[PDB]
Every structure is written in C-alpha cells, then in structure tokens.
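Each protein sequence line maps, in turn, to chains E, a, 3, P, U, Q, I, S, L and B.
Using the authors' numbering, the letters of the first sequence map in sequence onto residues 2 to 119.
Using the authors' numbering, the letters of the second sequence map in sequence onto residues 55 to 196.
Using the authors' numbering, the letters of the third sequence map in sequence onto residues 128 to 150.
Using the authors' numbering, the letters of the fourth sequence map in sequence onto residues 46 to 142.
Using the authors' numbering, the letters of the fifth sequence map in sequence onto residues 155 to 202.
Using the authors' numbering, the letters of the sixth sequence map in sequence onto residues 2 to 87.
Using the authors' numbering, the letters of the seventh sequence map in sequence onto residues 58 to 194.
Using the authors' numbering, the letters of the eighth sequence map in sequence onto residues 65 to 136.
Using the authors' numbering, the letters of the ninth sequence map in sequence onto residues 66 to 193.
Using the authors' numbering, the letters of the tenth sequence map in sequence onto residues 149 to 222.
No residue lacks a Cβ here, since even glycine has one placed at the ideal position from N, Cα and C.
Have a look at the structure below before the remarks.
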Amino acid sequence: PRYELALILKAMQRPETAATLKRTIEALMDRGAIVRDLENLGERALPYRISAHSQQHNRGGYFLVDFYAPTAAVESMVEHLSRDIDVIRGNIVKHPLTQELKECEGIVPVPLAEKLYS
Amino acid sequence: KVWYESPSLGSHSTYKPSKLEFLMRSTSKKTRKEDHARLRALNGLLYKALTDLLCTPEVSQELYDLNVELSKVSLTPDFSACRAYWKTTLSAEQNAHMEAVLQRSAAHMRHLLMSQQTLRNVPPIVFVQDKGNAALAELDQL
Amino acid sequence: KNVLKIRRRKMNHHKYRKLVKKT
Amino acid sequence: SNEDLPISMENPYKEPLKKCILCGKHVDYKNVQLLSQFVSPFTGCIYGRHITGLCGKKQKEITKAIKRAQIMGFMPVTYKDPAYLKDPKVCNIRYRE
Amino acid sequence: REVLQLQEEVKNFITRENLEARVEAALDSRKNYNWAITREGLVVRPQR
Amino acid sequence: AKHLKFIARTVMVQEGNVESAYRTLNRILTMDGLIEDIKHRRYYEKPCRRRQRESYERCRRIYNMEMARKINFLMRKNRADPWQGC
Amino acid sequence: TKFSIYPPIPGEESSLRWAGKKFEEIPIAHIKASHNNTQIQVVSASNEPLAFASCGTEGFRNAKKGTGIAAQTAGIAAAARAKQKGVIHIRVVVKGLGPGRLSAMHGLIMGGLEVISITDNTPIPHXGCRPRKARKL
Amino acid sequence: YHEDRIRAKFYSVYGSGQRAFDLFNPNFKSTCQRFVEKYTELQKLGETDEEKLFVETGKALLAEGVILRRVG
Amino acid sequence: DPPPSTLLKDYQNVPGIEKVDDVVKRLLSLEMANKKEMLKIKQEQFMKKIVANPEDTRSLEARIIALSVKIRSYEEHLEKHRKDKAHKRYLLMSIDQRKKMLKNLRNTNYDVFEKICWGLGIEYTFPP
Amino acid sequence: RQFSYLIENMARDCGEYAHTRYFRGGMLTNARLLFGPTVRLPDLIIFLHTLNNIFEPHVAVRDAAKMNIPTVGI
RNA sequence: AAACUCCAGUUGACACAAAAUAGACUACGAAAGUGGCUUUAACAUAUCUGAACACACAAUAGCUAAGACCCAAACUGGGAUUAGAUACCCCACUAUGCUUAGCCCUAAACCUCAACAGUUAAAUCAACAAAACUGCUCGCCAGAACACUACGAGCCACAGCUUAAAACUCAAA
Ligand code: FES
Ligand SMILES: [K+]
Ligand SMILES: [K+]
Ligand SMILES: [Mg+2]
Ligand SMILES: [Mg+2]
Ligand SMILES: [Mg+2]
Ligand SMILES: [Mg+2]
Ligand SMILES: [Mg+2]
Ligand SMILES: [Mg+2]
Ligand SMILES: [Mg+2]
Ligand SMILES: [Mg+2]
Ligand SMILES: [Mg+2]
Ligand SMILES: [Mg+2]
Ligand SMILES: [Mg+2]
Ligand SMILES: [Mg+2]
Ligand SMILES: [Mg+2]
Ligand SMILES: [Mg+2]
Ligand SMILES: [Mg+2]
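Right, here's the structure in full:
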C-alpha cells in the first residue's frame, strides 16, 4: 500500500545528508518499494531532546518519503531505520491522502435526555 | 430526570427573585424542596457574572490590573443584599488599594450587571473581604 | 435493598471456610 | 378540490446545519501550526470540545493528530511551541490577568 | 481514469537512475504543511 | 526533562507585583485542571472509584447547566407587575 | 510596548533587560514546597549553587517545618546568602503544593531579591508510578 | 405553499427588505410578495426554467422602481 | 495463493491494462495491496469454478464460497496468532455457519452440494 | 390577569357573574358551607381561559364536572 | 514516635513499570473487557430461537516453572493509639500486581432489564426501579431456614470448582 515515512535525520552537512537520503531510499527499493516523492520539510529545532545511538540531539532534518510497498516491507524497513546512525527518529504511517474524508452535513444536536440516560 | 429531582408541579412558573415578592408572600409559606435549588443556582450565576468582569480589561483598567479573585459569592434570600468575597493579599498596603478601587467600582459594576437583562434587578453588591484572614493582618497592624 | 440475606450467606461461608481450615 | 390548501413538501426556509471551523479540511499531524491552536499555551493540555468548539469527528482527528505529532518529533508535549502564540485564537478560553 | 492519472505520475516517480538528481533537487527546496484556521473557517497560509 | 525550560507554566512579573503573578499562575493551572489532578494523585484512586466520581461530576455539570438555563429562561418575566390590582 | 506574561524565548531578540542581563542569564530560585517541609536553592544560570535554605536548616522541627512562617524564614535565609554573592533578580521555579509554596517566595522578596518570573514545575506523571493507597480517616 | 420556495430564495439572495412589515393591515404586500407575484405571472407566460425565471423577475421590479440590494 | 503479479479485481477488466508500464502493473497488483485484496481474487476464482452463475452473490452457493474464504483467512491468522481468542471464536463460529449452510444446500440441491464439496475440498460430516 | 378587568366588566354588563381571582379550594364542591345551605350554584360556567397561571387546568374545570355544571371553554 | 543520614537540592544520563490533557466523548467487542504512538493481520451468520455438562471464552485473586522489578503491596516486623488493637494512623519489606508458558474457571461477572419480532390503542399502572404491553422461543422458579452445606459424579482443580439434597426446626421468612 501507500505509506508516508516521516524521517528526522541528524543535523549534518549537505553531502552527508544526501548520502543518508540515497542510502535510505535505496533500502526502500531493495525491499520492493516504489518511491513516489521526496520532500524536504527543513532543518529545525526538535520539540524536545532525543537520544539516539549514544548521542543527544537538539536539531534535525525533517524529510518525507512517499512510496508504495508491500505490507511485509514495513516491518523490514522499521528494522533498517533502527540501525542507521544518522536517523534520529523514523516512522512509517499509512499515507494520509489515501484515506478519503467523508462529507459532513454539519453538527446535528444531541438530545440532553439521552446524555444523562446514557 | 436524574436523581436530582425535577418533578415540581409548577415547573412552568416564572421565577421572580425580587425584593417586592418577599413582602407579598404568605407568612405560613415555607421554602419547598426545589425552591432552594433556584437560589443555590442563581447565586452561582452571580459568581459567574462577577468573575468575568474582573478579568476583562474593558470593564475597567484599574480593576483589570488588580487581578482580584472572588473567593465566594452568595446572594441573600431576602433579595435586599448580595454577599461577594474576594481573597486578600499579603501586603496590607496592597490590600488598601484593592479595597478602595473595588469599593468605588462596585457602584459602576452594579450598572454593568444591569446590562445583563436576565439579572437586571441586582441588589446592591456587598463586597465583603474574606479568604485571607484579614483579621490576622489587622492584628499584626496593632 | 438490605443485605441481610447476603450477611447470612456471608457468615455461613466464613464458618465453613474456617471449619475446613481446622480439619 | 381546493387550490389554497397546504401542499406537502420539505421545509424551504430550513437553514443549513452548523459546521465547525475545520469542517471539510484535512487535519495532518505535520501541520503543527493548526494543531497548536488547540492546546494550552502554558501547559500543552489538549482543549475539550467545549473550548475548541469542534465537532466530535474533528475533535477526535485533532487529538489523534496531536498525539501522533508529539511522539514522532514534530510537536512539543508540555507547552505550546512559542512560534505559534500569535496565531488566530479560535478557542473560547481566557487566561491572563 | 485512475490508470491514466497514475500512468502520468509514474514519469515523476523516483528511480535508481534519477535518485541522485532528485535527492539534491530536494535539499534545495522546502515543503510547508503548516497553516492556521480562523473563527470564520478561513485558512491562513504561512508568511513565506 | 527533555523539553526546553522556562516556557511551560511560566508567568512574568509586572512592576514587581509578585502576588498578581502568582494568582495568574494559579488560575492558569486551575483552569487546565492541574491543581485538581495533582491533588487526586497524592493517593491512588481505584478505577471503580474514578469512574464513579467521573460519572458523578459529568452528571452534576449537566444538571447545573440545565438548571442555569431554566433560571435564565424563567427570569425574563421578573419585570414589574403589569396588571397590579388584577 | 504592551506587557507580555509569556517569557522571552531564548535565541530571539528581546529588548527586556535586568541590570544589563538577559532573561537567560538571571539566576534561578528553586523552591520545593513539600507537605512537611520547604527547600529553597538559588543557582546561577550556569547551574552554580549560590545559596540553600530549608525550614529544617532554620531550626524548625516536626510539624513546625510544614508552616508558611517557617518557609518565609527559609526564604529570608537563602536570600541573605544569595545577595552576598551578587544576586538581585531571580527567576522562581516552584514545584509542589505545600504550605510554603507562596510563603517561600515572600521571604525571597523580603530578603532583598526581585522576582521577575514565576514557573511551576510540580511533577505530574502522564500515566508513571502508582501512588500509595488511600488513607482511612 | 409552492411560493414558499420562491420566498426562501428571495430572502437568501436579497435578504429581508429594509421596508418594515405592517401585519395590522390585512392587505399588506411586502417586497417579497411583490416579487412572488411577478415570479408567478412570468411562470404562467410559459417560462419554466427556475434560474432564468428568477433573474428576469428582478429586472422587472427594478424597471418599476423597486430597490433590490443583493446581500452579497 | 494467486501470484503476486495478479492484478486487482477492480483493474483486471479496464481496457489497455496490458500495455501500461511495468511500474503501473506493480501498483495495481496484489503485491502492493493488503491481504483482503488477495481474498477477493480467491473468492472470484472459486465462484467461477463452482457456481453456475458467477455473478449471483446471494445464492447459497456463493455464501458458502465467500464464508469458506473467510475460514481459510482465519486459519492463516491463527497459525501465527495462537493466543488470539477473539479470532478463534470467529473461526469456530464461521465453521458452524458453513455447516449450517451446507446442511441446507444438501437438503435442497444435492447436485450443487456435491460440486461445492469437491470445489472447496469440504468433507461433510453429520453431527453427533 | 391581562383580561381580568375586561372580563369582570363584560359579566356585569350582561347581568351575569365573573370569577377572575384566585380560585379557593371548594367554591363549587363545598359551596353550601362557604355560602350557605340555600346557595344556588351556576348553571353554566364559561371559561375564556382554561389554564391557571402555572399552566395547569383551572380547578373549576374538574369541579364543574363534579357538580354536573356544563362548561363552555376557549 | 520510629525510620533514613552511602541523606537532601540543582543539572545531566536513564525501564521487561504505568499510560495527564483530549474524554463535558459514549465508541469498540460475545461477555470479560478496551482510552500513549505506529504498522501487519482482523472484527461469524441474505430467517429467528436453541446447552451448568458439547465447543470455545471468561475481571480480580490464586497455583506451577523461568524472568523483570521503578512503584504500590496481603503477610510480617517496627512506631504510636487503646481498658484490649494479632485494627483504623506512620515506616520498612515480601508473596503478588508485569513478561513468558501452562493451569485454575470464580465475582454485587449487575442496565440486578433472556433472545427475536411487534405495538403506543386500550386499563397507564400493587409499590419502587426503568412508561405499559403483545407474539414467539429457550433457560429458570414453587414458604423460611438447614444450604455458595452432606453424599454421589465430573474436573490439570487435592483447604478447590460445578451440579446439589435430606432429617430435625419454625409460622412465618
Ligand atoms: S462540523 Fe463537519 S467535520 Fe466538524
Ligand atoms: K499517556
Ligand atoms: K450493577
Ligand atoms: Mg447462618
Ligand atoms: Mg443461534
Ligand atoms: Mg449458555
Ligand atoms: Mg438443560
Ligand atoms: Mg457456571
Ligand atoms: Mg481467568
Ligand atoms: Mg497471576
Ligand atoms: Mg516501596
Ligand atoms: Mg517484589
Ligand atoms: Mg463488570
Ligand atoms: Mg437466550
Ligand atoms: Mg425453601
Ligand atoms: Mg462461591
Ligand atoms: Mg462445595
Ligand atoms: Mg463431594
């Protein structure tokens, strides 16, 4: 299915960041994934301190990787990201754009009698 | 309904808490079971109204800076007076400033409370001081 | 409701458990 | 029969149902600016729907988005990120003095 | 219609040949998902 | 522990008025429920007890809001007697 | 400019100053207001200890330690030792809802220190250790 | 009534008239009622489209001197 | 199981699906979908092999085939999740519902009952 | 009470009777005690309002039926 | 009071524990239960009813074996209290709460409301609870106490569970 990999990378110089992205996207491809896009969300201060691979981090590079993969690839990729020392935190979620939002007519009022009864 | 009782036969009666109603009342009459409820809940409404006026700067710049906090607000059943309690400050010097501004504000606040037509008939508010053991500070003054 | 029936059953089971322990 | 008799139909003067400020909009865990508008500035506490005015569906989406963003490294937990303090105040809560 | 739309998108998909070019083309760009809502339900895009 | 400090639950003092700053902080923590939360957490409340209290608090709020609405609605007629003598 | 109760954020350019020192450079008065005691430690922005005082170190014992006047006395003692080291402005970080929560701050002011901010850091577990069982009283 | 559909659209498009209802006069005619009568006349002339029958009605009243300020 | 290269049930009858890029074929195949999409292909395979009208989904034949696919999915789930009491219940309840369906098909249409048993590999057993 | 004065005048003008005030318990069912053993009760009671001020049926509606008095009512 | 003083405060590092706010919501599941995040699998039935025992489940506590152990904590010890206190109050600590693999099969396991279908007209209806009923089916009941007991039987249960009487006794319960 279609997944979204939210990737926080160790704050590094441009050459090492590109090598990490290439090494990470190739890991997806080796597991059968079809990578759709790569988005840079920018380098920023983390909302809190994150300890990863015997190091403390206060800034990180936020990236998104939109890709399709078989269901069995997720488990194998999660293990791959845990061993990459340049990844602070990497999570794979189902892509939000696949889930279609249902239409809403509005806010229907709730009867008070039901509230106390329930 | 809930365990809280709402079976009153005169549930549609128009609640009239005014000073004139107290005089035109049967002396034999005693407060009914759910008659205290309206009093307990109306006094709570007055607490809500007063609390918002204190924290909104539009009502008064002097009042807003004071940051007064209301400890208690209980109206009287007579409908002649209202009891409001604000928490005292440590500094007796600061206490004088708060009471002075509150004493003069109350007169305008009453008119501001009349702006709420639901509570248009508001008895004069008696801004009592409590929650800070004012006597204890008074004792140290002596 | 009252628990008087529960209390009778309570005592019967307490005494039975105690009897079994003793013997 | 008679032309002036009432006719059966649906209410023509009926007004549309109310909608929350977020009705019809996608709530993403990466949109921390939006999510921050529904947490306490001082404590980071998620506001109840009686404060946010959101409907049950969007209150849930916002909550799940905040919780996801917090633990994935996009949003702080214990306070509102100060960058977002000057955004539109859409919550019915009054704090300061 | 979904197969046609998807057949065009595949032209822009990342591949092993064009991986290096797309990686560098991303470090120079910025994607912003942030926006705020108002009491009237209007989106307020960021000042960039 | 891992977050930045002097942002959460932090109030600045104005013109040396520390009493008003403390009252603002206490009002903040009260409105967010932290004061009641800290107090309930001194001793363990058992799950059956927490559900009973949460159910009682939710029903009391509903009853109080419903009783306020009734008084507000039925106070419109608190005006002076229009037909005095009849 | 209008007054902001939100503290200045480090790294941004604020105009606020206290004796030429920025908010990030003001020493910190750590007040631990427990149910039976109150502990006050003043430290520098670099985490250098400058003064320590508690109700117990001020000669209060048993239930007397858990009083407001005992905490107020502890604040005065810590303020005196801190003022000798060059402290005027302090940021107050109080953790706990004990009786010396507010009184400990008064003593710091009566001792010659100026409080520029108040921060609550009372530990609240987000789900944490199970507290001791309720008391039957 | 059938005309209620026309009244809902008129109030949506043009809002309530700044002219005040006089419910004491049993023969009072509001701007909406005047609009409804013209809309009914034009429908009887064979026109059947709804969006077209509504725009032509506004023009007729403007020609007669009626003030129709669109709400938006 | 059907090969992973098998197209989804929805995209198998679109005109020109055999001339699209290989990447597009992977994205419309079972390999890139969840297991529920693989079960829809299995159910359709059994429907065409067994039932007279492969498009009649409300007949007793189609229901037995649909339920038999669910039963096999539960068995594979429980092969990996042996302490999942929730699905062990769903499996046993589904087996009982299929036996009830087979009982009603055997009583009404024996010729079709025999083809259902051969096609799905069911050995009917009388209750104790 | 908006119409108490109007109704009382209409009754006097037509030569009939009006009771627009608080209705005391037993005016009809206990009339002999309240008025006297020879008191004549009404042969027809006309209600211009059938509800009391607490939005309950006027007690005279029930008590009129008890005394077999026909009632006209808006 | 005892207790600790290898203690306390600040800062940093840090889990096989527990999951503020949201939640003023009332959702999911057969019930038991389920409220931090993510992914995978996944929530029977195109009539209905249908079991103490068949089949599969079943909070807490408990048992067997190996682990984890922050915190809580039967028991136990200590410190008070008291006429006594093998209680309530304070401190310490263990079984245990957790994980794994097996058992045990009990709850005020309770909306104290059997499933399914239908009705709002009759009489509204002992009372209270939770407005009053109809059709249909399964389970169950027939004064109290003896009795969540005895015996029998089955059971990984061996101070256990399920099923479950009789005699004497009373005019009530
Ligand atoms: S009102 Fe439509 S999604 Fe909230
Ligand atoms: K949590
Ligand atoms: K119950
Ligand atoms: Mg007994
Ligand atoms: Mg059945
Ligand atoms: Mg059964
Ligand atoms: Mg049986
Ligand atoms: Mg049983
Ligand atoms: Mg069990
Ligand atoms: Mg256990
Ligand atoms: Mg311990
Ligand atoms: Mg232990
Ligand atoms: Mg239960
Ligand atoms: Mg049944
Ligand atoms: Mg008996
Ligand atoms: Mg038992
Ligand atoms: Mg037994
Ligand atoms: Mg036996």
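Rounded to whole angstroms, what is the Cα-Cα separation between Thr-25 (chain Q) and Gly-113 (chain I)?
Taking the first residue of the sixth sequence as 1, we reach residue 25 (chain Q) at position 24. Taking the first residue of the seventh sequence as 1, we reach residue 113 (chain I) at position 56. Each residue's Cα considered, the two are about 30 Å apart.
Comparing C-alpha positions only, which one of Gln-57 (chain E), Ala-74 (chain E), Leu-42 (chain E) sits nearest to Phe-119 (chain P)?
Looking up residue 119 (chain P) in the fourth sequence gives position 74. Closest option to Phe-119 (chain P), Cα to Cα, is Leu-42 (chain E).
Terminal residues of the continuous beta strand (DSSP E) containing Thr-88 (chain P)?
As a first step, residue 88 (chain P) is located in the fourth sequence; it is residue number 43 there, counting from the start. That residue, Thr-88 (chain P), is in no beta strand (DSSP E); it is neither H nor E in DSSP.
If you measure beta-carbon to beta-carbon, which residues of the region 112–141 of chain P are closer than 9 Å to chain I?
Going along the region 112–141 of chain P in chain order, one finds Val-122, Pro-127, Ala-128, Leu-130, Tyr-140, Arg-141 with a Cβ nearer than 9 Å to chain I.
Ligand 2 and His-163 (chain I): does any heavy atom of the ligand fall closer than 7 Å to the residue's C-beta?
In the seventh sequence, the residue the question calls residue 163 (chain I) occupies position 106. No, the Cβ of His-163 (chain I) stays beyond 7 Å of every heavy atom of ligand 2.
Could you confirm whether any beta carbon from chain E is found closer than 8 Å to the beta carbon of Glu-67 (chain Q)?
The sequence position of residue 67 (chain Q) within the sixth sequence is 66, counting from 1. Taking Cβ atoms only, chain E reaches closer than 8 Å to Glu-67 (chain Q), which makes this a yes.
Where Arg-202 (chain U) and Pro-121 (chain P) are concerned, what is the direct C-alpha to C-alpha distance, given to the nearest angstrom?
Start at 1 with the first residue of the fifth sequence, and residue 202 (chain U) comes out as number 48. Start at 1 with the first residue of the fourth sequence, and residue 121 (chain P) comes out as number 76. Those two C-alpha atoms are separated by around 23 Å.
Take the Cβ of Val-109 (chain E) as the centre, count every other Cβ of all protein chains shown within 10 Å, and call the residue buried at 16 or more, exposed below.
Residue 109 (chain E) sits at position 108 when you count from the first residue of the first sequence. Exposed.
Using a beta-carbon distance cut-off of less than 7 Å, what residues from the region 2–17 of chain Q approach chain I?
Of all residues in the region 2–17 of chain Q, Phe-7, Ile-8, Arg-10, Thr-11, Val-12, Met-13, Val-14, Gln-15, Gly-17 have a Cβ within less than 7 Å of some Cβ in chain I.
Does the beta-carbon of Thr-81 (chain a) have 16 or more other beta-carbons within 10 angstroms, so that it is buried, or is it exposed?
In the second sequence, counting from the first residue as 1, residue 81 (chain a) sits at position 27. Label assigned to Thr-81 (chain a): exposed.
When Cβ atoms are compared, which residues of the region 62–77 of chain a fall closer than 8 Å to chain B?
Flagged, chain order: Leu-63, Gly-64, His-66, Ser-67.
What does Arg-149 (chain B) reach in chain Q if we use C-beta pairs closer than 8 Å?
The residue you call residue 149 (chain B) lines up with position 1 of the tenth sequence. Correct list: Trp-84, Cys-87.
In chain L, which residues lie less than 7 Å from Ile-35 (chain E) when you measure between Cβ atoms?
As a first step, residue 35 (chain E) is located in the first sequence; it is residue number 34 there, counting from the start. Chain L residues near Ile-35 (chain E): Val-88, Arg-91, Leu-92.
Is the CB of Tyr-65 (chain S) under 8 Å away from at least one CB in chain P?
Start at 1 with the first residue of the eighth sequence, and residue 65 (chain S) comes out as number 1. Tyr-65 (chain S) counts as touching chain P.
Just tell me which of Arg-91 (chain L), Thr-71 (chain L), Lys-74 (chain L) has its CA closest to the CA of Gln-161 (chain U).
Along the fifth sequence, one-based indexing puts residue 161 (chain U) at 7. Nearest option by C-alpha distance: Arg-91 (chain L).
Under 7 Å Cβ to Cβ from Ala-134 (chain I), same chain only, skipping five residues before and after it: list those, please.
Counted from its first residue, the seventh sequence places residue 134 (chain I) at position 77. Closer than 7 Å at Cβ, skipping near neighbours: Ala-110, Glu-115.
If you check the beta carbons only, do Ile-111 (chain P) and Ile-191 (chain U) fall under 8 Å apart?
Looking up residue 111 (chain P) in the fourth sequence gives position 66. Looking up residue 191 (chain U) in the fifth sequence gives position 37. No, the Cβ-Cβ distance between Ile-111 (chain P) and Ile-191 (chain U) is not below 8 Å.
Taking 8 Å as the threshold (beta carbon to beta carbon), is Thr-110 (chain a) in contact with chain Q?
For the purposes of this step, residue 110 (chain a) is taken as the residue at position 56 of the second sequence. Not an interface residue.
Please confirm whether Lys-165 (chain U) has its beta-carbon closer than 8 Å to some beta-carbon of chain E.
If you number the fifth sequence from 1, residue 165 (chain U) lands on position 11. False, the Cβ-Cβ gap to chain E never drops below 8 Å.
Using DSSP with H/G/I as helix, E/B as strand and the rest coil, what is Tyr-76 (chain L)?
Counting from 1 along the ninth sequence, the entry for residue 76 (chain L) is found at position 11. Of the three classes helix, strand and coil, the one that applies to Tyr-76 (chain L) here is coil, per DSSP.
Within 10 angstroms of the Cβ of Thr-186 (chain B), are there 16 or more other Cβ atoms? Answer buried if so, exposed if not.
As a first step, residue 186 (chain B) must be located in the tenth sequence, where it is residue number 38. Exposed.
How would you list, in chain order, the residues of chain a whose beta-carbon sits under 7 Å from the beta-carbon of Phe-171 (chain B)?
On the tenth sequence, residue 171 (chain B) is found 23 positions in, with the first residue counted as 1. By Cβ distance, chain a contributes nothing, its closest Cβ being about 15 Å from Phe-171 (chain B), past 7 Å.
What would DSSP say about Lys-132 (chain 3), mapped onto helix, strand or coil?
Here residue 132 (chain 3) refers to the residue found at position 5 when the third sequence is read from its first residue. If DSSP states are grouped into helix, strand and coil, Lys-132 (chain 3) belongs with the helices.
I'd like to know if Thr-25 (chain Q) contacts chain I, where contact means its C-beta is closer than 8 Å to some C-beta of that chain.
In the sixth sequence, residue 25 (chain Q) corresponds to position 24, counting from 1. Yes, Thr-25 (chain Q) lies at the interface with chain I (some Cβ there is under 8 Å from its Cβ).
Use the C-beta contact count for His-162 (chain a): other C-beta atoms within 10 angstroms, 16 or more gives buried, fewer gives exposed.
Stepping through the second sequence from its first residue, residue 162 (chain a) is reached at position 108. Label assigned to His-162 (chain a): exposed.
Quick one: what's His-146 (chain I) bridged to in DSSP?
Numbered from 1 along the seventh sequence, position 89 holds the residue referred to as residue 146 (chain I). According to DSSP, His-146 (chain I) bridges with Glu-171 (chain I).
Any heavy atom of ligand 2 closer than 7 Å to the Cβ of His-151 (chain a)?
Within the second sequence, residue 151 (chain a) is the residue found at index 97, counting from 1. No, ligand 2 has no heavy atom inside 7 Å of this Cβ.
Can you grab the Cα-Cα spacing for the pair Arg-51 (chain Q) / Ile-138 (chain P), in whole Å?
Numbered from its first residue, the sixth sequence carries residue 51 (chain Q) at position 50. Numbered from its first residue, the fourth sequence carries residue 138 (chain P) at position 93. Distance between the alpha carbons of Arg-51 (chain Q) and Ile-138 (chain P) is about 26 Å.
Quick one: does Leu-62 (chain P) have its CB under 8 Å from some CB of chain E?
Along the fourth sequence, read from residue 1 onward, the residue named residue 62 (chain P) stands at position 17. Yes, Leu-62 (chain P) counts as interfacial toward chain E.
Using CA atoms only, rank isn't needed, just tell me which of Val-12 (chain Q), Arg-43 (chain Q), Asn-73 (chain Q) is closest to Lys-190 (chain I).
As a first step, residue 190 (chain I) must be located in the seventh sequence, where it is residue number 133. Out of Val-12 (chain Q), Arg-43 (chain Q), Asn-73 (chain Q), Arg-43 (chain Q) has the C-alpha closest to the C-alpha of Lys-190 (chain I).
Is there at least one Cβ from chain P nearer than 8 Å to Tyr-139 (chain a)'s Cβ?
Taking the first residue of the second sequence as position 1, residue 139 (chain a) is located at position 85. It does not: the Cβ of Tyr-139 (chain a) has no partner Cβ on chain P nearer than 8 Å.
Tell me whether the beta-carbon of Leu-117 (chain E) lies closer than 8 Å to the beta-carbon of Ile-72 (chain Q).
Locating residue 117 (chain E) in the first sequence gives position 116, where the first residue counts as 1. Locating residue 72 (chain Q) in the sixth sequence gives position 71, where the first residue counts as 1. Cβ atoms of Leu-117 (chain E) and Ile-72 (chain Q): not closer than 8 Å.
Kindly confirm or deny that the region 98–118 of chain P and the region 159–179 of chain U touch, where touching means at least three C-beta pairs closer than 8 Å.
Judged by Cβ distances under 8 Å, the region 98–118 of chain P makes no contact with the region 159–179 of chain U, as fewer than three pairs qualify.
Please list, in chain order, the chain E residues whose beta carbon lies closer than 8 Å to that of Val-177 (chain U).
As a position in the fifth sequence, residue 177 (chain U) is number 23, starting the count at 1. Near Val-177 (chain U) (Cβ distances below 8 Å), the residues of chain E are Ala-19, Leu-22, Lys-23, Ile-26, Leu-39.
Does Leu-192 (chain B) pass the burial test, meaning 16 or more other C-beta atoms within 10 Å, or should it be called exposed?
By 1-based counting over the tenth sequence, the position of residue 192 (chain B) is 44. Label assigned to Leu-192 (chain B): exposed.
Taking DSSP's pairing of strands, which residues face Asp-38 (chain E) in a bridge?
Taking the first residue of the first sequence as 1, we reach residue 38 (chain E) at position 37. Beta-bridge pairing links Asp-38 (chain E) to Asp-67 (chain E).
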